[PDB]
Each structure stands twice: as C-alpha cells, then as structure tokens.
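**Student:** need a structure here:
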Amino acid sequence: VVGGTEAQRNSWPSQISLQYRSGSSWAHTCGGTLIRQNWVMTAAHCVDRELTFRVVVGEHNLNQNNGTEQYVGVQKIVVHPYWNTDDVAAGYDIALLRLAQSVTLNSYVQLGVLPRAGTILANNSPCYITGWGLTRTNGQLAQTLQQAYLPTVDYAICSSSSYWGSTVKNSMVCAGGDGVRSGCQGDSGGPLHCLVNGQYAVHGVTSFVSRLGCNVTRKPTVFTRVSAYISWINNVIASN
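**Tutor:** Numbers count the residues shown, from 1 in each chain. Structure as follows:
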C-alpha cells in the first residue's frame with residue numbers, strides 16, 4: 001500500500017496473509033478475506049503457481065509475533081472457471097480457498113461482510129484498501145498492516161481513454177488514482193472496504209495496477225467487483 005498509514009490491530013479483522021513456503025520459511029505473497037471460518041476469498045492471480053500456501057489470520061506484523069496469529073493450511077483451491085492468467089484484463093480474478101481447518105473468531109479474527117449481489121457504488125464512495133504490499137513502486141513489503149483512503153471511480157470514468165480505457169470491465173471497481181495513494185505488489189487478493197449503511201463491506205478484491213507503477217495519476221487500483229460473483233461464491237461454498 002503506497003501512501004498508506006498503519007492500521008489498528010482490531011480495525012480490519014477479516015484481512016488475511018496468503019503466504020507460500022519459500023523453502024525454509026514462509027513468504028507473504030498476497031492478501032485475502034476470511035468469509036467463512038474455513039473459507040477464504042482471494043484473487044486467482046495469487047494462486048496461479050502450484051506452491052504450498054498457508055493463511056494467517058490475526059496478523060499485524062509479518063516479521064513479529066503479534067500473539068494473535070492463527071496459522072492454517074489450504075486444503076482446496078477453487079479458481080473461477082473463466083480465469084485466464086494471460087488475460088487479467090478479462091476479469092474473473094477471484095479464488096476461494098477451503099482452509100484445512102476452521103479459525104477461531106475473536107476481535108482480531110472476524111468474517112468479511114459481503115455485499116448484496118449486483119451492488120454498484122456511486123462515484124467517490126468512501127473505501128479503504130488494506131494490505132502488506134509495497135509502500136513504494138519497486139519498494140518493499142510493509143511490516144505492519146497498512147491502510148489507505150481509496151475512494152471510488154465509476155465505470156463511466158474509469159473506462160475513459162484518459163484513465164484505463166477498455167482494460168477495465170464492468171465487473172471491476174476502480175479506486176484512487178490520485179497518484180499519491182494506491183495498491184501495490186503484495187496487496188493482491190486483499191480487500192477494498194467500503195462504507196455502506198454505516199457498515200464496512202468488502203466490495204473489492206485487489207487485482208492489478210499500472211505496469212508503469214503503483215501510484216499513477218489516473219491509473220486507479222483495479223478491484224474484482226465482489227458483488228458480481230456473489231452467486232458463484234455461494235454455489236461453490238454450498239457444493240463444498
């Protein structure tokens with residue numbers, strides 16, 4: 001998260017760390033959202049490479065024992081049947097991970113409130129992006145959980161040639177683009193918390209940024225519009 005601040009331990013308690021076993025130890029590759037005690041919603045782009053994944057709930061400082069962490073393995077990976085790695089611009093960048101076991105919900109570990117199917121936010125809607133991603137373009141991962149005020153840019157504007165053009169599908173949410181604040185390498189799959197009816201719901205799944213860099217003016221962080229997939233998310237979880 002570029003241009004972000006340090007979050008409070010209990011602030012965003014659905015936020016997970018998707019780590020892969022890099023030989024000796026575990027490395028943070030992506031973000032995620034605990035939707036069930038045994039189900040995790042991340043980006044398909046994260047689970048492309050056949051690695052050994054573990055999900056850590058209750059994380060704050062990757063490199064330091066927070067005393068609140070729960071370490072659970074991923075028994076099952078369900079990537080959206082239309083996900084085509086070579087065409088992230090096509091969308092469908094959403095995956096569901098069935099955890100080897102259920103996590104214990106506390107003030108550090110809660111479930112992510114999903115939006116109503118088909119829900120489109122208005123332009124400039126108050127959203128936050130959280131994650132342990134690069135604080136700078138080509139920089140390094142944040143030790144502690146960073147948060148940034150990333151208001152929304154509707155489809156009408158985000159599909160402008162001055163913005164993203166046709167790279168962005170209606171199935172996507174755009175937030176930020178101020179050139180100061182954004183999402184970066186590592187934030188992927190992690191959650192775009194939007195304030196609706198006084199309640200924070202996970203409207204977005206961090207997909208991509210501009211090849212030119214993370215915090216690029218008129219190149220807002222593109223999220224996978226969770227509200228489009230609600231049906232699928234339910235079907236998968238119920239057949240599993």
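
**Student:** strands paired with the strand or helix carrying residue 72, and their directions?
**Tutor:** Per DSSP states H and E: residue 72 is located in strand 70-79. Sheet pairing of strand 70-79 (DSSP bridges) gives strand 53-57 (antiparallel), strand 95-99 (antiparallel).

**Student:** OK, contacts around the spatially most central residue of the chain?
**Tutor:** Ranked by distance to the mean C-alpha position of the chain (Cα atoms, centre = their mean), the top residue is residue 190 at 1.5 Å. By Cβ atoms under 8 Å, 6 or more residues apart in numbering, the contact list for residue 190 reads 15, 30, 31, 32, 33, 42, 129, 130, 131, 133, 205, 206. C-beta here means a position set from N, CA and C on the backbone, and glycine is covered the same way.

**Student:** what kind of secondary structure is the last one in?
**Tutor:** With DSSP: H, G, I helix; E, B strand; the rest coil as the basis, the three-state label of residue 206 is strand.

**Student:** same question, the fourth one
**Tutor:** Secondary structure of residue 32, reduced to three states by three-state DSSP: strand.

**Student:** Quick check: it vs residue 132, distance?
**Tutor:** As defined by Cβ to Cβ, to the nearest Å, residue 32 lies at a distance of 11 Å from residue 132.

**Student:** And those two? Which one has more around it.
**Tutor:** Higher neighbour count among residue 32 and residue 132: residue 32, with 29 against 25, using other Cβ atoms under 10 Å.

**Student:** Quick check: the more buried one touching residue 41?
**Tutor:** Yes: contact criterion Cβ atoms under 8 Å: residue 32 and residue 41 qualify, at 6.5 Å.

**Student:** Determine the residues that are contacts of both of these two.
**Tutor:** In contact with both residue 32 and residue 41: 97, 189, using Cβ under 8 Å, 6+ apart.

**Student:** where exactly do the helices run in this structure?
**Tutor:** Here the chain has its helices, by DSSP state H, at 155-158, 230-238.

**Student:** need the contact list for residue 25.
**Tutor:** Residue 25 touches nothing, counting by Cβ under 8 Å, 6+ apart.

**Student:** Can you give me the domain assignment for the protein?
**Tutor:** The chain resolves into domains spanning 1-12+112-227, 13-111+228-240 when parsed by curated CATH domains.

**Student:** and the gap between the residue nearest to the centre of the chain and residue 163?
**Tutor:** Counting by Cβ to Cβ, the gap from residue 190 to residue 163 is 22 Å.

**Student:** now swap in residue 63 and tell me
**Tutor:** Plainly put, residue 63 is 36 Å away from residue 163 if you go by Cβ to Cβ.

**Student:** closest to residue 186 among the contacts of residue 190?
**Tutor:** Closest approach between the contacts of residue 190 and residue 186, by Cβ to Cβ: residue 133, at 3.3 Å.

**Student:** Spit out the contact partners of the closest one.
**Tutor:** By Cβ under 8 Å, 6+ apart, residue 133 lies in contact with 1-2, 31, 141-142, 146, 183-188, 190.

**Student:** now do 7 Å
**Tutor:** With contact set as Cβ atoms under 7 Å, 6 or more residues apart in numbering, residue 133 has these partners: 1, 141, 142, 183, 184, 185, 186, 187.
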